[PDB]
Structures are given as structure tokens and as C-alpha cells.
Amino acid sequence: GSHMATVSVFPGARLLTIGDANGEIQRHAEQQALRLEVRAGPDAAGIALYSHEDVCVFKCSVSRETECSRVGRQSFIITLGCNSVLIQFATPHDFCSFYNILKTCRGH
């Protein structure tokens, strides 16, 4: 307040919000063409995704304790509370860059 963040930006991400309270999988929300911004900090990575109308569709902090995983070649799932969010990157290269930031922040 004020501050200047320098973020890694991954344009053209897809976000799928999911649950499993129906004994299968539920899709709660699904959104394309989001701008993902990642703020690399000491012990956590700040994640936020924005629509072209500046809507902040999802925001969280990923730390060593966060339940999360690579999914396939270019996606990442984060589970906070009862729902999970799956982020699908535009390319495997983008995912790999993102993952390396997260591994650094989480102490791996």
C-alpha cells in the first residue's frame, strides 16, 4: 500500500471448477480466455485469473501445504475447501514455466 508486483503472465488459460458431491464429477463453472498472473513470493505463489472485462474469476495462494498436482501434459489442479479448480495452459511450455515457479515457491 502502495506496492508494485512483477507477475508472470500466461494468456489464454482455461479454468474448470469441479466437485464430486454427486458421486461422480460436477462441473460448477467453466471459463476460457483467462489471463493468469502469478506473483512469486518467498513461501507461496499468488495465483489470479482475469477475464477480458477485468473480472477476477479466481484467486488463491499456493504454498507447501496446498493440495495440488500436475494433470496430464499442460494442466494443474488446485484443491481448497470442497471444490477443485483445474487450470489448462495454452501450451506444455507455458505449463512447465508455471510449474517451475510453483516448485520454487513451495520449497522443492
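One rule holds for the numbers: they count along the sequence shown, beginning at 1.
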inquiry  = If you take the mean CA temperature factor per stretch, which one wins between 99 to 107 and 4 to 12?
reply    = 99 to 107
query = Looking at the deposited entry, does 43 to 51 or 28 to 36 carry the larger mean Cα B-factor?
reply = 28 to 36
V62 CA temperature factor, ranked by third within the chain = middle
query = Mind checking which third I77 falls in for C-alpha B-factor across the chain?
reply = lowest
